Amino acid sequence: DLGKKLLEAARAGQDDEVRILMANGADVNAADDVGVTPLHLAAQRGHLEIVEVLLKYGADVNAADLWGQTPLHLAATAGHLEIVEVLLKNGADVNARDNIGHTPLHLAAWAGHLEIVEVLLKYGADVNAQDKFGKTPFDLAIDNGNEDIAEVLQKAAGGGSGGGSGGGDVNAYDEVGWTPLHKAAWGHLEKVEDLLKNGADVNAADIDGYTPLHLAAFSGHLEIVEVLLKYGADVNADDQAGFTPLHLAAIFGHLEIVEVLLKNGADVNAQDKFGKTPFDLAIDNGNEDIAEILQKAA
C-alpha cells in the first residue's frame, strides 16, 4: 500500500510526499505489475529532487521494467539532461539494453537530444553498439533526420566530419535491404546523383523486392526516375515486388513519369499480384489521360 503511494508521489512530482512515505518505511524499490519503479517514473517525468532522494535511499539505479528499460533509458528518451547525469554518477549502466537492444545513446540519438548524446559519450557509451535490427545510434539519427547528432556520432567513432549528410559506404544495406540510394529516392535528387557518381548499385532490391526506381515512382519524383533510368535502372523490375514501376506510376497519376517509363521500354502487358496491367490500374484509379496513353501503346 505504501509502495503504490510512493509510485504515485514519484510520478506526480510530490517530493514532500516522497520524503514522508520514505520516513514511514516505503520500499524505495517498489515495482508495479510491469516492473516500473519510483525511480523510473521520476526519471521519465523530470522530477530531479525525487530522483536524488530515491538514489540516496538505495533505489536500484539499473532496475529494468518488462520492456528492458532502465531509468537512464527513460531519461535519455524524455530529454532530462541533469537526471541523465545524476543517474550516471550513481552507477547507471551507460550501455544497458532495452528489449530491442537500444542503448541510452540509441534512444537519445533517436529522440534528437544532442546534449544528452554528448554526456553519454563522455560517460563511456559505445558509439558502435547495434540494436537487434543492426542499427547504430548514428543510423537511428540519420534515419530520423537528426543530422546534428549524426555529425557528432560519426566524429566520435573516428570517421571525421560530414556524418550529418550521411556516412558513406555507398553500397551499405540495412536489415530491410535499403541502401543509401533507396533512401535518396524519396526526393533527394542531388544525393541520388552523388551516390550514382560514386558507384551505388542502381538495381539493388530491398527485402520486399523494391528497387530505387520503384520507390521513386511510388513517391512521384520525375527527375529521380529519369536519372535512375539514365544509370541503367531496370525499367521493368519486378521479381519479388509483384509489380513494376509502371504499375505504380499508373496508380498515382503522374503522367510524365508514365511517359518516361514507356520511352525507356516499360512493359504495358506486365501484370501485378492481382493480374492487373498498368492500364487496368489507371482505370481503377480514375487516371484517364494515363489510361489513354497506355492504350495507344498497347
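Just count from 1 along the sequence shown to find any residue number.
Comparing 275-283 with 9-17, the stretch with the higher mean C-alpha B-factor in the PDB entry is 9-17. The PDB entry records a higher mean C-alpha B factor for 166-174 than for its counterpart among 97-105 and 166-174.
Note on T179, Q130, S161, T77: the highest value goes to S161, judged by CA B factor as recorded.
In this entry, the residue among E226, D139, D206, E147 with the greatest C-alpha B factor is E147. Placement of the Cα temperature factor of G220 within the chain: middle third of the modelled residues, per the deposited record. The deposited CA B-factor of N29 belongs to the highest third of values across its chain. In this PDB entry, the Cα temperature factor of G242 sits in the top third of its chain's modelled residues, the highest group.
When all modelled residues of the chain are sorted by CA temperature factor, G199 is found within the highest third. In this PDB entry, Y231 carries a Cα temperature factor that places it within the middle third of its chain's modelled residues.
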